[PDB]
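Student: Sequence first, structure after; it's an experimental one.
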Amino acid sequence: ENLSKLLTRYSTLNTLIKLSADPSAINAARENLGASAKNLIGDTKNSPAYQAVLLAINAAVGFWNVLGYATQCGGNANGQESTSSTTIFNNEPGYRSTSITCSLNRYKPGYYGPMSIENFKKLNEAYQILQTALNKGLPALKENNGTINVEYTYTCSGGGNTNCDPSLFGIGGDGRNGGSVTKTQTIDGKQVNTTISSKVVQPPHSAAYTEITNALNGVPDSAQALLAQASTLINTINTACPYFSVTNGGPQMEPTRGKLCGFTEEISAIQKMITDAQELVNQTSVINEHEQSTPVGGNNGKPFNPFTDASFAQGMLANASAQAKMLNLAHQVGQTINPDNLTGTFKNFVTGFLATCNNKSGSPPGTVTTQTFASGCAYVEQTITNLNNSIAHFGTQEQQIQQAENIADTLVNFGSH
Amino acid sequence: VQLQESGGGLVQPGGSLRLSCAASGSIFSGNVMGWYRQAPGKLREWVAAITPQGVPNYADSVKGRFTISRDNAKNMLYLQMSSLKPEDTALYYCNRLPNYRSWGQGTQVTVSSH
Ligand SMILES: CC(=O)N[C@H]1[C@H](O[C@H]2[C@@H](O)[C@@H](CO)O[C@@H](O[C@H]3[C@H](O)[C@@H](O)[C@H](O)O[C@@H]3CO)[C@@H]2O)O[C@H](CO)[C@@H](O[C@@H]2O[C@@H](C)[C@@H](O)[C@@H](O)[C@@H]2O)[C@@H]1O[C@@H]1O[C@H](CO)[C@H](O)[C@H](O[C@H]2O[C@H](CO)[C@H](O)[C@H](O)[C@H]2O)[C@H]1O[C@@H]1O[C@@H](C)[C@@H](O)[C@@H](O)[C@@H]1O
C-alpha cells in the first residue's frame, strides 16, 4: 500500500534506503568489496575459494592413491593383448613400492579388464603434474600465468614390448639408445616445451630394458589448468573402467573386487567437486572486470541523486553477487565430501581410506612412498578443516558483501524510471 | 531448514545472559555455525562463529566478554554474555556460515541502567 505502513513492519528496510542515498555509505561498501575480493582471490590460507580448489584437486589424487595399486593394466601400444610385456611407471603408488607395474599379459585391455597403456599414460601424466604442483604449493587464484617444470620416467622390458618404441615419440628409427626429441606440446591453450629421451640399460644379472624420460617445461599451474588435469585423471579412470581386486584387522574395502567405475557415488562426487570449483574460478574474471575503487558522488558539485547519478550500480551488483557465489560454491565443494553428512559405503570409503595417510612420519604434500598405497595421502582431512576455518573467519566479509549487494540492488531499481 | 533462538530479555549493565539456538540437522551438521545481532537504526552485524570441531572466533566488539559454543549431539548453539553494556542491545540471531536463505525470529536483548 504505502511506504510508512510498510516501514512499520520492516525497519531494516528504512535503514537500507537511507544508506542508498548516502555516498559516504556507498563508498564504504565499495571499499569493503575491494577488500573481500582480495581475501577471496589474492590470499591462500584464509580464502575459502582457495581451500575449495585445493580440496577438489586433492580428492582426485587421493582416489588414485587409494586404488591404483590394485588396478589391472597391461598389453602393447596398439591396445591389444601382449605375450610378455612388463611396463613400469615411476613415482606411482604400487604395492610396497614407489612404482606401478603393468604386466598383465594375455587378457585383452578394455572395460571390466586391464587398463591399456595408452590410458595409463594419459592417467600418469596428469598425476605427475598434479603431485608436482601440490608439492610446490598452489598459487592464489588471481595468479593465472605461472608455470612449473615436471619430469617423469617409465620403462619397458620383455620381448614384444612396443610401449617405448622411438616412432611413438618422433625419435629416429635408430636412436632408442641415446636419441632425443624436443617439441612444443599444447596444454590448457598454453605452449609447453617437452623433451622426450630414450636410453637402453643392460644390467649385470637380469633383463634389458628401455627407459623413457619426459621433461615438461613451462606447464601452467593456474587453478583453471590444474582443475583440467584433475578432471582428466578421474575421467580416464571412469571411462576405461578397469578391473581391480584388493588385499584387505583394520579398514574394509566395499566392494573388494570388480570394476572401478562401480564406485559411482565416489566418482560422481569427485566430478561435482571439480565442476563446482571450475565455476567458482570463473567468478574471478567477473570480479576483475568490475573493479570498485573509483569513488562516487553527485556531479557539477550537486548533492547525490539516487535516481540519476548511479549508473555504477549494475557493476557493483555484479561484483557483489559474484563474490557471494564464490563463497557458496566453496562451501558446496566441502559439503559434497565431508564425512559428517555421508552414510553407507561412501562414508566408509572416505573415513576408512581417502582421508588417511599410511606414509611414514606426515611428509610434505605430493610425496609418494612404499607405504602410500591403499590410503589417500592428499591431506583431505586437513583441507576440510582449513576450509571450515576460512569460512568462520569470513563472517564479517560475508555480511559486507550482502550489504553492498542490497545497496546496489536498491539503486538499480530506483534508476529504471 | 529451521532456526529458533531464545533466552533473551531485559538486564542491567554489568549483568549477564545465555542464548540458545535450536537448529535443524540439515543446517547444523558439518557446518560452521554463528551468531548475529541487529541494533536499532542499523543493519545486521556478525558477532561470533564456531567450526564443527569447536574452534571459536569473535568480532572485536565482543571479544573477551562473550563465549560461543555448540553441542553436536543435540543440534544446539549457545552464546554466553558477560559484562554487558547498553551498546549490546539488539535482536540476536543464529545461522550457519555461509547463511541459509531464511532467518529465524531472533531473541530480543535489552541493556538499560534502570
Ligand atoms: C627381448 C629383449 O629384451 N632383447 C634384448 C636382450 O635382452 C636380454 C639380455 O638382457 C640378457 C642378458 O644376459 O638377459 C635376458 O633376460 C634373461 C635374464 O638374463 C635372466 O636372468 C632371466 O632369468 O631370464 C631372462 C629372459 O628369459 C634379456 O632378455 O638384450 C640385448 C643386448 O642387451 C638387446 O639388444 C640391444 O639393444 C637393442 C635395441 C639392439 O640395438 C641390439 O643390437 C642391442 O645389443 C635386446 O633387445 C632387442 O633386440 C632386438 C634385435 O636382436 C631388437 O632390436 C629389439 O627391438 C625390436 O623388436 C622389439 C621386440 O622385442 C620391439 O618390437 C621394437 O619395436 C623393435 O625395434 C630389442 O628389444 C627392445 O629393446 C629392449 C631394450 C627392451 O625394452 C625390449 O622390451 C624392446 O622391445
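Tutor: Thanks, I have the structure now. Residues are numbered from 1 along each chain as shown, chains lettered A, B, ... in the order given.
Student: Residues of chain A that sit close to chain B?
Tutor: Applying Cβ under 8 Å from any Cβ of the partner chain, we find that chain A lies next to chain B at A:12, A:15-16, A:19, A:327-328, A:331, A:335, A:338, A:340-341, A:385, A:388-389, A:391-396, A:398-399, A:402-403. To be clear about C-beta, it is placed using only N, CA and C from the backbone, and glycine gets the same treatment.
Student: Chain B: helices as residue ranges?
Tutor: For chain B, helices defined by DSSP state H occupy the ranges B:25-28.
Student: how about the strands of it, start to end?
Tutor: Counting by DSSP state E, chain B has strands at residues B:3-6, B:10-11, B:17-23, B:32-38, B:45-50, B:56-58, B:66-71, B:76-81, B:90-97, B:107-111.
Student: which of the residues in the third one are buried?
Tutor: Of the residues in strand B:17-23, those with enough neighbours to count as buried (16 or more other Cβ atoms under 10 Å in any protein chain shown) are B:17, B:19, B:20, B:21, B:22, B:23.
Student: quick one, what contacts the last one?
Tutor: Read that as residue B:23. Residues in contact with residue B:23, defined by Cβ atoms under 8 Å, 6 or more residues apart in numbering or on different chains, are B:2, B:3, B:4, B:33, B:75, B:76, B:77, B:94, B:96.
Student: roughly how far apart are the residue nearest to residue A:168 when sequence neighbours are not counted and residue A:40?
Tutor: Spatial nearest neighbour of residue A:168, chain neighbours left out: residue A:77 (6.4 Å); criterion: Cβ to Cβ, 6 or more residues apart in numbering or on different chains. Spatial separation of residue A:77 from residue A:40 under the definition Cβ to Cβ, to the nearest Å is 46 Å.
Student: Neighbour count: these two, which is higher?
Tutor: Neighbours were counted for residue A:77 and for residue A:40 using other Cβ atoms under 10 Å in any protein chain shown; residue A:40 has more, 29 against 20.
Student: Please report phi then psi for that one.
Tutor: Main-chain torsions, residue A:40, degrees, to the nearest 10: phi -70, psi -50.
Student: can I assume it is in contact with residue A:141?
Tutor: Yes. At 7.5 Å, residue A:40 counts as touching residue A:141 under the criterion of Cβ atoms under 8 Å.
Student: Run a quick neighbour tally on the nearest residue to residue A:253 once chain neighbours are set aside.
Tutor: Once flanking residues are discounted, residue A:253 sits nearest to residue A:246: 4.6 Å by Cβ to Cβ, 6+ apart. Using other Cβ under 10 Å, residue A:246 has 16 neighbouring residues.
Student: Cross-check the contact I'm expecting between residue A:246 and residue A:260.
Tutor: No. Because the distance of 11.4 Å does not satisfy Cβ under 8 Å, residue A:246 is recorded as not touching residue A:260.
Student: quick revisit: put together CSV for the buried residues of strand B:17-23, with distance to the ligand on each row.
Tutor: Below are the buried residues of strand B:17-23 laid out as CSV (distance: Cβ to the nearest ligand atom, whole Å):
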residue, distance to the ligand
B:17, 78
B:19, 73
B:20, 72
B:21, 68
B:22, 69
B:23, 64
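Student: Which one of these is nearest to residue B:45?
Tutor: Nearest to residue B:45 among these: residue B:19, at 15.3 Å, using Cβ to Cβ.
Student: Next to the ligand, which bits of the stretch 201-350 of chain A? Give me the list.
Tutor: Residues of the stretch 201-350 of chain A lying near the ligand by Cβ under 6 Å from any ligand atom: A:202, A:205, A:206, A:207, A:208, A:209, A:210.
Student: okay, now the fifth one: neighbour count?
Tutor: Spelled out, that is residue A:208. 12.
Student: Relative to chain B, how far out is it?
Tutor: Taking Cβ to the nearest Cβ, to the nearest Å as the measure, residue A:208 and chain B are separated by 55 Å.
Student: Setting aside sequence neighbours, what's the nearest residue to that residue?
Tutor: If the residues on either side of it in the chain are set aside, residue A:208 comes closest to residue A:202, at 4.9 Å by Cβ to Cβ, 6+ apart.
Student: and the one you found, what are its phi and psi?
Tutor: Residue A:202 has phi and psi values of phi -130, psi 90 when expressed as degrees, to the nearest 10.
Student: Touching, the residue nearest to residue A:168 and residue A:166? I think so.
Tutor: No. Checked against Cβ under 8 Å, the pair residue A:77 and residue A:166 is beyond contact range at 11.7 Å.
Student: Quick check: end-to-end length of stretch B:62-73?
Tutor: For stretch B:62-73, the first-to-last residue distance is 27 Å (Cα to Cα, to the nearest Å).
Student: So it, near chain A or not?
Tutor: No. Taking Cβ under 8 Å from any Cβ as the criterion, stretch B:62-73 and chain A are apart, separated by no less than 8.7 Å.
Student: Show residues contacting that stretch.
Tutor: Contact with stretch B:62-73 is made by B:28-29, B:33-35, B:47-50, B:52, B:54, B:56, B:58, B:76-84, B:88, as judged by Cβ under 8 Å, 6+ apart.
Student: go on, stretch A:373-381?
Tutor: The contact list for stretch A:373-381 (Cβ under 8 Å, 6+ apart) reads A:55, A:58-59, A:61-63, A:65-66, A:68-70, A:93-96, A:134, A:246, A:337, A:350, A:353-359, A:365, A:367-368.
Student: Quote the end-to-end distance of it.
Tutor: One end of stretch A:373-381 to the other measures 17 Å (Cα to Cα).
Student: And for stretch A:107-116?
Tutor: In stretch A:107-116, first residue to last residue: 11 Å (Cα to Cα).
Student: residue in chain B nearest to the ligand?
Tutor: Chain B approaches the ligand most closely through residue B:30 (51.5 Å), counting by Cβ to the nearest ligand atom.
Student: so that residue touches residue B:75, yeah?
Tutor: No. Taking contacts as Cβ under 8 Å, residue B:30 lies outside contact range of residue B:75: 11.7 Å.
Student: neighbour count winner among those two?
Tutor: residue B:30 (19 against 16).
Student: what sits opposite the residue nearest to the spatial centre of chain B in the beta ladder?
Tutor: Against the mean C-alpha coordinate of chain B, by Cα atoms, centre = their mean, the closest residue is residue B:35 at 3.4 Å. Beta-bridge pairing for residue B:35 (DSSP bridges): residue B:48, residue B:94.
Student: contacting residues for it?
Tutor: Going by Cβ under 8 Å, 6+ apart, residue B:35 touches B:19, B:21, B:47, B:48, B:49, B:68, B:77, B:79, B:92, B:93, B:94.
Student: Understood, closing this out.
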